[PDB]
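**Student:** I need the structure of the sequence given here:
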Amino acid sequence: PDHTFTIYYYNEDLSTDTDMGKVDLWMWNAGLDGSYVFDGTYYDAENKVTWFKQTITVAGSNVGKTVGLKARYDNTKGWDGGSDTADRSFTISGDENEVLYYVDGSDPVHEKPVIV
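**Tutor:** Numbering: from 1, shown residues only. Right below this line is the structure:
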């Protein structure tokens, strides 16, 4: 059976009010391909910041595989709209409520980071 995880993304230079629908993830490997668009938000009451959110479904047999990805800032301009500063990656843990925290500028991680 399929596995769904949530991935949060933060970029201080972007806004979850105006840029919603234009910010996505370009992803590859583990069955993933192409664009994956954020369509929700998560308010981080601890850091008092707001994240982009989306859920992503992979095949069950892809749990444990490494995903390559990078954020893109304005997909109405393709790559020319800008992307993250480098290739990122993480491993699909297959946890019950798997959540990835992707701060622009680093690999996404399973534990919630500190933002100021």
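**Student:** Just give me how far the strand ranked longest in the chain sits from the chain centre.
**Tutor:** Looking across the chain with DSSP state E, the single longest strand is strand 49-58. How far strand 49-58 lies from its chain's middle: 6 Å, per Cα atoms, centre = their mean, to the nearest Å.
**Student:** What strands line up against it, and which way round?
**Tutor:** Its sheet considered, strand 49-58 pairs with strand 3-10 (antiparallel), strand 40-44 (antiparallel) by DSSP bridges.
**Student:** Can you add mean neighbour count and give these back as CSV?
**Tutor:** From N, CA and C alone the C-beta is placed, and that goes for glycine too. Shown next, in CSV, are the strands paired with strand 49-58 (neighbours: other Cβ atoms under 10 Å):
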stretch, mean neighbour count
strand 3-10, 19
strand 40-44, 14
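**Student:** Count residues in the vicinity of residue 60, would you?
**Tutor:** For residue 60, the tally of surrounding residues (other Cβ atoms under 10 Å) stands at 9.
**Student:** Next, work out how far apart it and residue 94 are.
**Tutor:** Look at residue 60 and residue 94: by Cβ to Cβ, to the nearest Å, they are 8 Å apart.
**Student:** same deal with residue 49?
**Tutor:** For residue 49, the distance to residue 94 equals 27 Å [Cβ to Cβ].
**Student:** cool, and residue 79?
**Tutor:** According to Cβ to Cβ, residue 79 stands 31 Å off from residue 94.
**Student:** same deal with residue 105?
**Tutor:** Note on residue 105: its distance to residue 94, by Cβ to Cβ, is 26 Å.
**Student:** before we move on, what about residue 107?
**Tutor:** Counting by Cβ to Cβ, the gap from residue 107 to residue 94 is 18 Å.
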